[PDB]
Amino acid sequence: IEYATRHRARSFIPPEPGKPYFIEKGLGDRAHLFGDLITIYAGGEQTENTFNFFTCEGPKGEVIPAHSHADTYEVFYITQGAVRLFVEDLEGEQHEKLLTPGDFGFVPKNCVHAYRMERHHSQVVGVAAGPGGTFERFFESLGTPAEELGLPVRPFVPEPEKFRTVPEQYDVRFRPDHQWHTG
C-alpha cells in the first residue's frame, strides 16, 4: 500500500491530489525534532494548499522554543498525556493551561507560543495553515525526516545554521529570549 512522493521514497500519502486514502495509526510521513515525533497525515498537496493534518508526540520534557507565525494559525488538540500550552496575545498578557486529552488550544497569527509535555508520550493533534499556505514540512526541514517508527531514542538537535536557513522558508519566527510570566 506504499507510494513514492517528492517527500518520501516510502509514503502512505499518495502523490496525486484528488485521491482518497487511509493511513493506519503512526504511518504518516514522520519527522524528528528534539525529543518529539511529528507525523504528517495530510499536506498542502492534498488540499489545494488550504490546510494540513499532523500529530506531534514526545516524552516528558522542557518547554519548546518560543516562536510565532505571521500568516499561519495553529491548533492544539490533545489526544494523549497532558500538554501545557503557553500563549501571548497581541496586547501582551500571557496565559497557560494544562491541556488534557480532548482539551483544545488555538494560537492565532503573530501570537508568541510554546508547549510543554508533562506526561511521558503525550500526543497533540495539529493543524497549521493560513492565507499563504500550509507549513507541515517545516518539521522535517529544521529537524530530520525519519523512517523509524516510535519516539526518537535520542533528541535530534539541529545544527544552529538550520535555525536561519529555514525560518525564511516556513513562516516561523523564533524568540530565543522569551520569558513566560506564570511559572
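Residue numbers run from 1 along the displayed sequence.
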- Given the B-factors recorded for C-alpha atoms, which segment has the greater mean, 128-136 or 35-43? 128-136
- So which stretch wins on mean C-alpha B-factor, 141-149 or 50-58? 141-149
- Query: Say you rank 112, 75, 78, 98 by Cα B-factor from the PDB entry; which sits at the top?
  - Reply: 112
- Divide the modelled residues of the chain into thirds by Cα B-factor and specify which third, lowest, middle or highest, holds residue 158. highest
- Note on the structure: By the entry's values, the third containing the CA B factor of residue 22 is the lowest
- Task: Pull the Cα B-factor of residue 90 out of the PDB entry and bin it into the chain's lowest, middle or highest third.
- Result: highest
